[PDB]
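S.K.: The structure follows.
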Amino acid sequence: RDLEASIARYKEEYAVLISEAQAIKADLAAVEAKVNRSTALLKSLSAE
Amino acid sequence: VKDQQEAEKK
């Protein structure tokens, strides 16, 4: 029973970690779009 | 997983 409890506890931590990872992934995605846009803007500026 | 295995054993 104790072991089971421990496992359960671990699971929550794991879940939290996963959530964090997803958040980070989202952030990364957001950044990438900006970079894509930003590069284009830079190019435009150069042209001008 | 390890914990689960242990539980199974015991």
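S.K.: Being among the acidic types (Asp, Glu) and closer than 27 Å to residue B:5 by Cβ is true for just one of A:4, A:48. Which residue is that? Steps first, answer last, please.
M.R.: Details: A:48 fails: closer than 27 Å to residue B:5 by Cβ.
Testing whether each residue is among the acidic types (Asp, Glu) and closer than 27 Å to residue B:5 by Cβ leaves just A:4.
Rundown of residues vs (1) part of a helix (DSSP H, G or I); (2) exposed (fewer than 10 other Cβ atoms within 10 Å of the Cβ); (3) not acidic (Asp, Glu), yes/no style:
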position	(1), (2), (3)
A:4	yes, no, no
A:7	yes, no, yes
A:12	yes, yes, no
A:15	yes, no, yes
A:22	yes, no, yes
A:26	yes, no, yes
A:30	yes, no, yes
A:46	yes, yes, yes
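Each value in this text was obtained by applying a stated rule to the coordinates, not by laboratory testing. Cβ: placed from backbone, ideal geometry, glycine included. Neighbour counts: every protein chain shown.
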